[PDB]
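Just so you know, the sequences run in chain order Be, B7, Ba, BD and Bw. So for the first sequence, the deposited numbering puts the first residue at 15; every next one is plus one. So for the second sequence, the deposited numbering puts the first residue at 50; every next one is plus one. So for the third sequence, the deposited numbering puts the first residue at 30; every next one is plus one. So for the fourth sequence, the deposited numbering puts the first residue at 61; every next one is plus one. So for the fifth sequence, the deposited numbering puts the first residue at 88; every next one is plus one. In this text, a Cβ means the ideal position worked out from N, Cα and C, and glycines have one as well. Note sheet for the following structure.
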Amino acid sequence: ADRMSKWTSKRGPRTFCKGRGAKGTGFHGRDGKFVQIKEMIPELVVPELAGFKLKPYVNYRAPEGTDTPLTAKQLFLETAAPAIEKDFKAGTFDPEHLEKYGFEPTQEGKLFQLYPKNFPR
Amino acid sequence: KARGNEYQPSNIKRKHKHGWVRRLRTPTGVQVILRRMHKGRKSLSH
Amino acid sequence: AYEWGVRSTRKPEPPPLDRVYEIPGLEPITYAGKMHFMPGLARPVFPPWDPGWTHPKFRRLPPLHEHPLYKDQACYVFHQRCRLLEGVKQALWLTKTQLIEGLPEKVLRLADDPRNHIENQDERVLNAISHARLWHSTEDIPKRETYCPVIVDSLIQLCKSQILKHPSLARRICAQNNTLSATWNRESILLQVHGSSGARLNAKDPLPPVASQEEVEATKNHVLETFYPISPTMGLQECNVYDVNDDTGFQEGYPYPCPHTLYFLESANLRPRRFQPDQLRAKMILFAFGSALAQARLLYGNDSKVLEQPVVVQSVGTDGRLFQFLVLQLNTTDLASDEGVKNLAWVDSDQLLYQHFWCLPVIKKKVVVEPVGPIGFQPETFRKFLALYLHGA
Amino acid sequence: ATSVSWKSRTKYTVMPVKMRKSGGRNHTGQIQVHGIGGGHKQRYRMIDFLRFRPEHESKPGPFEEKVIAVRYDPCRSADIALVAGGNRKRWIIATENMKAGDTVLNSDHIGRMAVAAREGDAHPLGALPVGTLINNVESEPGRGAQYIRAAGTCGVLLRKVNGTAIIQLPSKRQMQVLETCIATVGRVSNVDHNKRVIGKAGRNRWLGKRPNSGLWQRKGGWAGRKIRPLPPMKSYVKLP
Amino acid sequence: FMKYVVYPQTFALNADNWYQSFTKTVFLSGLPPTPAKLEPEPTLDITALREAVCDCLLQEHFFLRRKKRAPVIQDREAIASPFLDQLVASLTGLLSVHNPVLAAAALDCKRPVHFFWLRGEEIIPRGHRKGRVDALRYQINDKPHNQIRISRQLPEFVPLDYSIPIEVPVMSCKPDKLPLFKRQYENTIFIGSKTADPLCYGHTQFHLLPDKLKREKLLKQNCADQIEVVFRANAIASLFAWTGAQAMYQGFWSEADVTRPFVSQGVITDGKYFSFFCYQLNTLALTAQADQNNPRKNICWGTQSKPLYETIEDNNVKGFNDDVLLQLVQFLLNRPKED
RNA sequence: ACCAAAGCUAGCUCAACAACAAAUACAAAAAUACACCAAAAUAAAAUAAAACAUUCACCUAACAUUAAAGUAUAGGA
RNA sequence: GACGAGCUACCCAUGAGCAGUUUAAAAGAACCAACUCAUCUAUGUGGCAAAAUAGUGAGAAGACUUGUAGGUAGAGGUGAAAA
RNA sequence: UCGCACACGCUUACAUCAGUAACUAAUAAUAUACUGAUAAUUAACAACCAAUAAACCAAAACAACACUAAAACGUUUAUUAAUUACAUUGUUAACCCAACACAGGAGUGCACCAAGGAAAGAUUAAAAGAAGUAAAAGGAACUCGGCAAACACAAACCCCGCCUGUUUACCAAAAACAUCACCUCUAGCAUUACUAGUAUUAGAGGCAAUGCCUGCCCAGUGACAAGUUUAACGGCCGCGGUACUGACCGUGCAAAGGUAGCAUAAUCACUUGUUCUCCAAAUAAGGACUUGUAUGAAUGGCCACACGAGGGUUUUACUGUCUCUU
RNA sequence: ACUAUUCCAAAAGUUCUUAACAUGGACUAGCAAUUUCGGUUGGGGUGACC
Ligand SMILES: [Mg+2]
Ligand SMILES: [Mg+2]
Ligand SMILES: [Mg+2]
Ligand SMILES: [Mg+2]
Ligand SMILES: [Mg+2]
Ligand SMILES: [Mg+2]
Ligand SMILES: [Mg+2]
Ligand SMILES: [Mg+2]
Ligand SMILES: [Mg+2]
Ligand SMILES: [Mg+2]
Ligand SMILES: [Mg+2]
Ligand SMILES: [Mg+2]
Ligand SMILES: [Mg+2]
Ligand SMILES: [Mg+2]
Ligand SMILES: [Mg+2]
Ligand SMILES: [Mg+2]
Ligand SMILES: [Mg+2]
Ligand SMILES: [Mg+2]
Ligand SMILES: [Mg+2]
Ligand SMILES: [Mg+2]
Ligand SMILES: [Mg+2]
Ligand SMILES: [Mg+2]
Ligand SMILES: [Mg+2]
Ligand SMILES: [Mg+2]
Ligand SMILES: [Mg+2]
Ligand SMILES: [Mg+2]
Ligand SMILES: [Mg+2]
Ligand SMILES: [Mg+2]
Ligand SMILES: [Mg+2]
Ligand SMILES: [Mg+2]
Ligand SMILES: [Mg+2]
Ligand SMILES: [Mg+2]
Ligand SMILES: [Mg+2]
Ligand SMILES: [Mg+2]
Ligand SMILES: [Mg+2]
Ligand SMILES: [Mg+2]
Ligand SMILES: [Mg+2]
Ligand SMILES: [Mg+2]
Ligand SMILES: [Mg+2]
Ligand SMILES: [Mg+2]
Ligand SMILES: [Mg+2]
Ligand SMILES: [Mg+2]
Ligand SMILES: [Mg+2]
Ligand SMILES: [Mg+2]
Ligand SMILES: [Mg+2]
Ligand SMILES: [Mg+2]
Ligand SMILES: [Mg+2]
Ligand SMILES: [Mg+2]
Ligand SMILES: [Mg+2]
Ligand SMILES: [Mg+2]
Ligand SMILES: [Mg+2]
Ligand SMILES: [Mg+2]
Ligand SMILES: [Mg+2]
Ligand SMILES: [Mg+2]
Ligand SMILES: [Mg+2]
Ligand SMILES: [Mg+2]
Ligand SMILES: [Mg+2]
Ligand SMILES: [Mg+2]
Ligand SMILES: [Mg+2]
Ligand SMILES: [Mg+2]
Ligand SMILES: [Mg+2]
Ligand SMILES: [Mg+2]
Ligand SMILES: [Mg+2]
Ligand SMILES: [Mg+2]
């Protein structure tokens, strides 16, 4: 008997199989042969690094900065505000359709939706 | 004949009798879980 | 009417609906709001669930009537594994045929020819028996599923060795597991043999009809036996969706178009798993009949006529220890009537190859009484076997 | 805790079906009935006790069927016959001399003139003669037969009253039924079942039977030879 | 005791060099020296055999209808196996009319070839037996698609003392890194037939390649040369066992060595592509004991991989190579020397 | 002379006032497939009565506090 | 009032073993291994051991041994009754 | 000479290099078990790994064919089954359950060595104790008893069980229990037991096969339906007179008055009953006799086969049990 | 308490009937529950006595 130690695939019988938490890539086949779905395998999207200047570290005498965490409002000001005052001043403002400023009424259309959060990272 | 060897270890048996699942399946077992939480046991159950 | 369910098993009936569904105009407040069960809340009812897009695997099986090929006419299917109650009798009535005891005499004279035997016959056949029954397996006592096809194929190989003396035998090609679909009408009842037999030997050249016209005309007089209490249909599989088309395992213009010999193996270990030697005979009669009707409607067509050029097929069938030989001459494409001229079937049944075998020396009172090997050998059975192989040349 | 009965299958089949035997336990795991356990492994054959059972509801009339084979059954004392007709096979309980390659009649039809019974003949009682030997007898018409199934036993039709049969069960208790009900005419198979002798305790265990207890008791008041006048007659006739 | 199961068909990186290491085999590209001693036999019809071969190919890939498969992936394993069998079966009668040896023969259909042998040495790393010395053991369990069995031995391709500049590759590793696994169970030496059989000698074999080892799968895996090697490896295994069995069956073993070199042939097949092999076994002693001073080696000659046909379309076979048929006939025409 | 010995802190007592994140009920910590869910029935006895049978305060509830009062009453009285 | 049938009693599924010899016989038959029990003696008695060791013994195709996995719970279970 | 592997179960105890004054080893030496650092078992073996209809009555036992207890195991036809390199997971050990680095408990496949292993830290050669070998003459004279031991390993007769089986794990393996058989009672019937059964069946018990039998008693107490039952609980006699005994007679009392057997018994006491056999001698053993006033008939009586690690007695043979020890 | 019995009531009906459930109140058993088993005594018991 061991109470304290955690339960792993290594402790049990033959029949006990528990993955260590790697993610499942497929389903079982007809013949019993195992089937992978090309769309369940995470595909890393990597830019070409050669062309650009950036480094893992920074110069020491290079300055830090005044620390401003990004707020919803700041964002609204940088993006939405200028166009908004532009078209209310023109008087062409339409409170009905805000889509020209970048607002999205509901998220199910687009690829990566924020609230149900479709994407890993 | 000679005694004291009584416990023949089986994992399927260990977890089927004292397993977390099995406790939850019964009101009484829940009471157990609780009683153990209230005493702050490291191990709630197998 | 004692019913066959047990209430204790039958899937539990719905819990009687909470009484707040008994009140007209009233809104039962349910836990559907919390998406999990709660006590104290009335229980919700839910729409039959419709995942608007249908996943192929997880969906509720298509109800059977829905199918395009579905027909309302009851069709009795016969396939590889169907068991007939009265084997040869039923077989014949379905087939509108008459059986004769011996093989055709042509094949006989083939068999008995001093010329057509191998180099050392008994040596070779005994060695094929011993190999298949013992020598081919790692373990002492091999099972039937291995050794049966081994013996049949070893026979086939001893006969393939004759191509040197009789080089007309290059005209043949073997085929495994062949879709065969044969649909015909017999006396208001629709019968289709549909499925795969084990092994087909196809010939490039058709087979010469073995019945003299006297046989044909005398067959016209024969009264079919009737088994009253039993419908002729018993032992078949009723079906509401089928295709009526005449198919043999091949497309148009096949280089070895003409079915020659069919090979039916009984490979099972359990007794009741195999066929009784009678039902076997039936099964291969119907199937041989199929192989025949296929070509019949290929070279001539669906029209119901009596044949000016009689079809002939063969079948062998096996325990691996016991054989059934059969030759089938198709004479008629109209079977709806019972009263016409009938096809002919020769059947040599229950031809014992060897009596019994011993893989271990059988020992009594510290002596070896019986050595290992076969008890009894019938060169007769093989003679006929080779014979059926050799019939084209 | 809970257990499920093996007895769940809906389709009639002739093919022998595997079953889990329970020595003496109820669905709880308690022991209801002592003494049972450790039989030999047994398959169960599905027995049609409703002898007149029209195959297709389209053609209603009186049957004939054929005896294909007669086999030993583990479940009952009786020998069973595998009988087929039309497109169906069914096991029914075999009368004493029923043998393979045979013809057996079923009829629900009641004629005035009665009839001459072969053994395997299944008939409405009221259409039988008044001294016949009967078995596999049904209680209420359409129900399926319950009474008189055991090996070597047979009942007897006594008289016919008011469109109702009176018969005599093997306990020698008499039973009052509608005449409309089906019974088979004869005695059940294997009539020497009585005289079989279990040779050794073993055979008794082979039957699935565990020893009596070893607790010694005194015989209570209930013991003795009791002499009772016969119990009155069972009437399944429901009065208007 | 404990042994390594050596599979013929393998996903291992370079199996060839490894199996040479095991078996004491030396690999020679190109077919064995042509035995110019041939009599003027080749009266053979290449049109009749083009006919015969494409009969099978077409029955399989076109005419013959199977109960419809939902995959549509048209498994090359279930596709080729019947073509292969029916091909050997067909060709046998035909070429045997010229070469009667094959009339007396028995054709083996998917049946096991087993072999068991000792090689090399080990100081055992772990266990309570740690530090002790143990022989390394291997067992080949094989199930060739077809074999051919005869009542007399086939002629040696070179003498028994014949030597080559090329030396057997010594891998620096334990075989586990291949990967290889130790699993012990009954050790069988088997030819496909028990010792009692009148046919003690193998002619050729036919190995259909399993699905894992398809070409396409290999090029998907970023595997290039492997396509060739997969073939190689297989031969060097099966053939070896095939030969060894025979030797063992004749009473030879690691301490009796061998008097007369043993030879068999093999044909390895992806349903489209072929390769042709010859094994001449010389040394049966791979036991370090007999091995220390032992000069001789075991040899396999083999064919570069190669297609039969190209792209069957609508009952026609477009691409075709007689070369294939020619070496096939070569093999199938091989004879026991006569006295 | 060994073994030993001494420290005053850790906290306690009584009383007033009023690290995400993943994963977790498959054999918990295992992303992913077709169902079912859920439920309640007086507290008892030890003990007092010198035994034990009716009865035996507190033991559930809130209601406090100073009295009326150990009174009216209830009790194998 | 919880907790226990991984020991043991009894089932329920589900696997597995029984060589040789004698026998017309796989017959709760004989002989005798593995296996299973535990007769009789001697050791042992804070033991090697909270019931063992050595000899010696009965059974050994059966009401036989045994694996894994379920089942019955104390006012009860289970029992070829020894509370 | 208990070896290799697997399952189960154990968890790093395995591997390499370095350390050990002390801690583990019940001592040391050194290291599979103490310490530290660093590594490590790689999938083809194994786990994961489809449904719904439909035909199929027909055992495994080298399976020819049968036996009775009636026996697990899947083929094919049809309907749909995400189609696509590589999924995930177990792979070390000298190991586990007994508080121990325990003479014990531990399933399967192969082997009897090709594998594994050491009974003795060093001497001495007292007593006593343990285990073993041998012993003159004698051969059970020992002793509760031939227990143990033996160059023996044979016969016989009894009581009790009929038999193979089971029982008090750890003081009882039996004459207890069970059991084939025989017998009573209770049951006329349907979806979870009994039972997918139906009175030749199924339950509550009794007594123990076979063979011969099983006598009389319903008043009491039950039990059943006032009446009936003992193969239900339970019972089954006096007191005098007569040819030492009493067939016969008187009279009373009971529901009936104990029969057939059997008998000093595994049967209160008397009691080492009387006599015959066995022995030189027997409170033993067997045979008879027998009122046992307390035997006795399914709470079973009586013989009898086979059987018994049951309990007694004889003989053969054998011996260190013993003379009497060495 | 419970399991069966038998009954009056209650409920539904007929002008006195009862199918399964089923309540109150009785009865008869089975299965059972709570509790006790006095003192003296030339030790206790039996006797005798209080
Ligand atoms: Mg613990
Ligand atoms: Mg595990
Ligand atoms: Mg494990
Ligand atoms: Mg393991
Ligand atoms: Mg413990
Ligand atoms: Mg155990
Ligand atoms: Mg039964
Ligand atoms: Mg009984
Ligand atoms: Mg009893
Ligand atoms: Mg947590
Ligand atoms: Mg009390
Ligand atoms: Mg008190
Ligand atoms: Mg007190
Ligand atoms: Mg109280
Ligand atoms: Mg258990
Ligand atoms: Mg045996
Ligand atoms: Mg025996
Ligand atoms: Mg001794
Ligand atoms: Mg013995
Ligand atoms: Mg014996
Ligand atoms: Mg359990
Ligand atoms: Mg519990
Ligand atoms: Mg028991
Ligand atoms: Mg007792
Ligand atoms: Mg007692
Ligand atoms: Mg541990
Ligand atoms: Mg130390
Ligand atoms: Mg290992
Ligand atoms: Mg010492
Ligand atoms: Mg001494
Ligand atoms: Mg001594
Ligand atoms: Mg002496
Ligand atoms: Mg004496
Ligand atoms: Mg004395
Ligand atoms: Mg004496
Ligand atoms: Mg003795
Ligand atoms: Mg001695
Ligand atoms: Mg005595
Ligand atoms: Mg006994
Ligand atoms: Mg026995
Ligand atoms: Mg004891
Ligand atoms: Mg015991
Ligand atoms: Mg004892
Ligand atoms: Mg008796
Ligand atoms: Mg007894
Ligand atoms: Mg009375
Ligand atoms: Mg007398
Ligand atoms: Mg007498
Ligand atoms: Mg006495
Ligand atoms: Mg008496
Ligand atoms: Mg009596
Ligand atoms: Mg009595
Ligand atoms: Mg008694
Ligand atoms: Mg008595
Ligand atoms: Mg006897
Ligand atoms: Mg004895
Ligand atoms: Mg005994
Ligand atoms: Mg015994
Ligand atoms: Mg009280
Ligand atoms: Mg007193
Ligand atoms: Mg007193
Ligand atoms: Mg006194
Ligand atoms: Mg005194
Ligand atoms: Mg007194």
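Counting only Cβ pairs nearer than 9 Å, list the residues of chain Be close to residue i.
| i | result |
| --- | --- |
| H95 (chain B7) | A15, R17 and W21 |
Quick check: the Cα distance between residue i and residue j, rounded to an integer number of angstroms?
| i | j | result |
| --- | --- | --- |
| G402 (chain Ba) | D348 (chain Ba) | 18 Å |
| residue 160 (chain Be) | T59 (chain Ba) | Residue 160 (chain Be) is absent from the model: chain Be starts at 15 and stops at 135. |
| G186 (chain BD) | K286 (chain BD) | 36 Å |
| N145 (chain Ba) | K135 (chain Ba) | 14 Å |
| residue 12 (chain BD) | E42 (chain Ba) | Any property of residue 12 (chain BD) remains undetermined from this structure, which presents chain BD solely from 61 to 300. |
| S190 (chain Ba) | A140 (chain Ba) | 16 Å |
List, in chain order, every chain BD residue whose beta-carbon is nearer than 8 Å to that of residue i.
| i | result |
| --- | --- |
| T262 (chain Ba) | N147 |
Quick one: which chain Ba residues come within Cβ less than 7 Å of residue i?
| i | result |
| --- | --- |
| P187 (chain Bw) | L193 |
Give a single yes or no on whether residue i has its beta carbon closer than 8 Å to a heavy atom of ligand 1.
| i | result |
| --- | --- |
| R85 (chain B7) | no |
Since residue i meets chain Bw, which of its residues come closer than 9 Å, beta carbon to beta carbon?
| i | result |
| --- | --- |
| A199 (chain Ba) | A135, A139, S177, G180, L181 and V184 |
Please confirm whether any heavy atom of ligand 8 lies closer than 8 Å to the CB of residue i.
| i | result |
| --- | --- |
| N272 (chain BD) | yes |
Please list, in chain order, the chain Ba residues whose beta carbon lies closer than 9 Å to that of residue i.
| i | result |
| --- | --- |
| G204 (chain BD) | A30 and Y31 |
Listing by chain order, which chain BD residues have their CB less than 7 Å from the CB of residue i?
| i | result |
| --- | --- |
| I404 (chain Ba) | Within chain BD, no residue comes near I404 (chain Ba); the closest Cβ sits about 31 Å away, beyond 7 Å. |
Relative to ligand 3, is the shortest distance from any of its heavy atoms to the C-beta of residue i smaller than 8 Å?
| i | result |
| --- | --- |
| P58 (chain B7) | no |
Below 7 Å on C-beta distance, what does residue i contact in chain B7?
| i | result |
| --- | --- |
| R25 (chain Be) | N60 |
Using 8 Å for Cβ pairs, my map puts residue i next to residue j. What's the rounded Cβ distance?
| i | j | result |
| --- | --- | --- |
| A317 (chain Ba) | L357 (chain Ba) | 4 Å |
Would you mind telling me which residues of chain Bw sit closer than 8 Å to residue i, beta carbon to beta carbon, in chain order?
| i | result |
| --- | --- |
| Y283 (chain Ba) | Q146 and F150 |
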